[PDB]
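What follows is a single chain, given as structure tokens, in the form deposited in one PDB entry.
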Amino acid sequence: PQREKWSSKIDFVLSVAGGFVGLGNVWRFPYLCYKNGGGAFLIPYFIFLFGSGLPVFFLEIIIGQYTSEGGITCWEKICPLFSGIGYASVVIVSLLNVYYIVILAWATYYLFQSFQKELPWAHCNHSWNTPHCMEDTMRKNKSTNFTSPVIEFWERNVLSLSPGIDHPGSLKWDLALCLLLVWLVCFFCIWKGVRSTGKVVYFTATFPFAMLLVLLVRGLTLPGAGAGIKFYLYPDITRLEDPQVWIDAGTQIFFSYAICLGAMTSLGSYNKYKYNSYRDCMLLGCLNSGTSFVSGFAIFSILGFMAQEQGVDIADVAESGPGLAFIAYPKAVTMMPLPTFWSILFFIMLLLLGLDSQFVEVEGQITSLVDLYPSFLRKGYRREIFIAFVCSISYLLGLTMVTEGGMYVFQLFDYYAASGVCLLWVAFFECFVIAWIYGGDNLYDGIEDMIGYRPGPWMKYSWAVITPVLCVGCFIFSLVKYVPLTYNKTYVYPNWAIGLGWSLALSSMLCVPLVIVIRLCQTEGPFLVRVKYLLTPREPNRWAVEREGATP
């Protein structure tokens, strides 16, 4: 048959908007900004945004629309050599789906804990509370060893943090059921009803932004919001000399935009050929980066309020790692009237934000993997078993991040697996193939035919110059000034853990060289002839079904 198009352009926007607006905006951005100083994170953030985030996102969407193919076969059409970009993106999205559902497991645990008379993270007189704990309101009335009740709940009850990754501990069975529950929700929403949220499109889309608005109003009116905002906005120039703020800000844009994963290319292949996706991507790009910037005001206002309440520095009031959104927002919902009611909504809001993202990504890899075996899969019961097998195996590897030492494994996955140099590796090669091998101007001819007009030179120069320079420059300077990964500024990772972390990165990075070697070996002839034949596009726009032109 053929790849079914979208019912209407409104479905493309909502599927895309729900695919990369979520935990990457409200969870990962606040703590990466928090970890890398304050506002010094924003300069590389906006530089990378306007240089390579929107351009690469639009490039992925337009490649999918031009080839009408998934993550992998689109690159086979565009350039048979360097086809390893698709396999690299599939590996990256597999690892991402592995560790990205643990966040939803934690959110589900918090939501289940929210159903009681008093929030468990309001006061600290429970079993898990260390005698070092003290009420935040009593912190000033009452050195550097008085933990807040909110941080204890995260490290003592929700995570049961162990001494280190070398100390796995026991599998938190309460979190293991929550991790299983969200996977069953993902499994039941992937097999039956791939896109079945059509009845509640209005509620499931406007509510997460409606809930984020209340958090912003509550945070901004807090007494300490002034100091938190100045920390969030005003930059520190000396921090820009560190290569880590550029890697974090550069790959946060790539993470938040879901690029180098094959999801955007697949989502871009479901719309009509003669559809102006250039305008809609720019609007969706504003909605994505706008949500991260605006929601950053809310979380950093609470951080400023917490610092004033506890009489501590803003940079030391919460966790410099994952769980900042689980320390700040659960503190904000305490301050609201009827804290239990608002706590339920936030973790429901946090869960729909991530479930929609997980649906797009998990369906993204499964569709991409089916394209490799179109007859073996997507045919009868064979898709039943394969979907469950992917969900089951990716759930078992998610169990290693649920044990008491599972937080340290989560930091390794979040820093190496689907972020960091692995994303810079794929993003550079996506732009290098299009801009220099395929041709930047050679693709504008396709885009002009496809969207109706020739775009400006912003996209062309971003692929040709800015993105390779930003990706290579951040890659070279990161290895030159090597700083090993740390958890919460204190824990130092053992050598094997870093080596394990690089294996997660290098497993997808080496997909590009391996396929080049595989393709060169398969093709017969002189080496220069072998390279020449594998670089020629094989009719990317092979879809007469629609009024189209030709690749040349």
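In this text, the rigid core denotes the largest set of C-alpha atoms whose superposition between the two forms falls within 1.5 Å. One-based numbering along the sequence shown.
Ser143, present in the displayed chain, goes without coordinates in a third or more of the other PDB entries compared that cover both sides of it. In terms of unmodelled positions of the deposited sequence, the chain runs continuously from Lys117 to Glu118 in this entry.
Another form exists, deposited in another entry; not displayed. Remarks below refer to it.
A movement of the C-alpha atom of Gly18 reaching 2 angstroms or beyond is seen between this form and the one not shown when the two forms are aligned on their rigid core. Annotation for the pair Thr108/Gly18: C-alpha atoms recede from each other in the other form, by 3 Å or more compared with this form. Here's the thing about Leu284 and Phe20: their CA atoms end up at least 3 Å closer in the other form than they are in this form.
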